[PDB]
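Worksheet: the structure to be examined is printed underneath.
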Amino acid sequence: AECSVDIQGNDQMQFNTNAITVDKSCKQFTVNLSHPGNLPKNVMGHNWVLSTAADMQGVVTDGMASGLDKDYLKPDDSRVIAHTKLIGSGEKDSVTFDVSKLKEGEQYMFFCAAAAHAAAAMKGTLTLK
Ligand SMILES: [Cu+]
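Numbering of the sequence shown is given in the numbering used here, commencing with residue 77 and proceeding in unit increments.
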């Protein structure tokens, strides 16, 4: 069982992967976010957020309005399944979530919720496989 994933966010506003597989024997799953490159958090902060595919838009829209000091997410947003904090370069964060939070016949999206980042394709698929 592969129950973690190491994902990178760079200075060019991209993740180094577009698709996560969550093995369904996993009781928990861990995302290790890191930020290579040379740019601070207020310039090019990244976070990793999980929601259903349907919820992504609203989570992003409400998140952008909440701002950088709220880590670009609406506080307590119930559409947020799991999330990291906002990180700048040279920084890192992990999240671990329960796999029982995912369901068959739902589609899941991961993304960064920093202003306009997900619109520029900092996002990808999350699949129970
Ligand atoms: Cu980002």
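Virtual Cβ for every residue (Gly too), placed ideally from N, Cα, C.
For residue i, which option in the options has the closest C-alpha, if you only look at C-alpha atoms?
i: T203; options: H193, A197, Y184, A194; result: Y184
i: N123; options: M140, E78, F105; result: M140
i: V107; options: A191, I157, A196; result: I157
i: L178; options: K150, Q133, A197, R155; result: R155
i: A196; options: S142, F91, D138; result: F91
i: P116; options: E167, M198, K205; result: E167
i: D87; options: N94, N118, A130, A77; result: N118
i: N114; options: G85, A77, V125, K205; result: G85
For a quick check, are the C-beta atoms of residue i and residue j less than 9 Å apart?
i: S165; j: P112; result: yes
i: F186; j: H193; result: no
i: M132; j: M89; result: no
i: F105; j: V81; result: yes
Under 8 Å by Cβ, that's how I've got residue i and residue j pegged, so tell me the actual separation to the nearest angstrom.
i: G181; j: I96; result: Not a contact, Cβ separation roughly 18 Å.
i: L109; j: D169; result: 5 Å
Are there 16 or more other CB atoms within 10 angstroms of the CB of residue i, so buried, or fewer, so exposed?
i: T160; result: buried
i: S127; result: buried
i: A190; result: buried
Check: With contact counted as at least three CB pairs below 8 Å, one residue from each stretch, are the stretch 140–148 and the stretch 93–103 in contact?
Finding: no
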